[PDB]
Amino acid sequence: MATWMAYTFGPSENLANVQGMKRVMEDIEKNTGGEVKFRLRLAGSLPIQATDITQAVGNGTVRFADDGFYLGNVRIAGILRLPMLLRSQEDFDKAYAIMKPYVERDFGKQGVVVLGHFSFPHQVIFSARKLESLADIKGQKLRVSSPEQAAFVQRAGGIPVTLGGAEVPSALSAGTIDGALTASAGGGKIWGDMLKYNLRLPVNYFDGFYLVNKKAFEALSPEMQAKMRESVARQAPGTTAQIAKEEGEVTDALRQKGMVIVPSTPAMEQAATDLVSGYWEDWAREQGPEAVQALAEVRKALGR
């Protein structure tokens, strides 16, 4: 009875997030007995910039999407990416139990309902320079993807360089950066011949939400709403799982290629947390009273 436009921030079909999106949509289609079918378009195939997916879902240009660039529209969710704060999906779950009402409220004001979440692994640290400890970060120029990552690197005595993934190769060859915060299955693989050390400190997750147009979703019968929710809840962890399996595989491959892999340790994590816990509170004050309050609750729940 309907075919819905779907969009993803993934630009090609080989990506684990895109495969996961397909699994979510397949489950929805089966579970609704074909009442809700999808046509998926990949990133760039529609004139929607990645940071504008939430607005495209909210106005119905597309009806369903994954989005990892929602922080511009849902600022209070930035707690979930503060450096060193979350160490596990159990930590995410604890934090999100607190964040959920704020996040659902603010997506809802913008015409969007949240149906699920998945995660990439932690962004960790790679460098062409020796990097086997937190002390080794000092004076290194490290590409970062956010002001929150910049704040971590700066606090660790490094020099953050905000660069997009595409500028990284020539930056490495020219020596204007030494390294980058990224995942093995992200930049690690494609930049791997230009990197030698990997300190697997769990700096922050990159992540996405499964988002549906609120008006289209609320127009479904109660039974079809529940089926759609069930399907996304069932499949979302599989997206996280596939991405995590690939991260492990690529890390093992990088080891065999000669990447020096330095695992994080409890002592190292504690030291790193002590460098940024103060910044979390500064960040929250900049974001306002709700962020301050929510952060207090999250920190109580996580014990850090």
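All residue numbers are counted from 1 along the displayed sequence.
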Mean C-alpha B-factor higher for 199-207, or for 219-227?
219-227
Could you check the entry and say whether 168-176 or 78-86 has the higher mean CA B-factor?
168-176
Out of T251, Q55, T273, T265, residue topping the C-alpha B-factor column of the entry
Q55
Among the choices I243, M259, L40, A236, identify the one whose CA B-factor in the record is greatest.
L40
Taking the C-alpha B-factors as the PDB entry records them, is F9 in the lowest, middle or highest third of its chain?
highest
In terms of its chain's C-alpha B-factors, the third that includes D106 is the lowest
Tell me, lowest, middle or highest third: where does the Cα B factor of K189 rank within its chain?
highest
Looking at the entry's B-factor column for C-alpha atoms only, identify whether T162 ranks in the lowest, middle or highest third of its chain.
highest
Sorting the chain's modelled residues by C-alpha B-factor, tell me whether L71 ends up in the lowest, middle or highest third.
middle
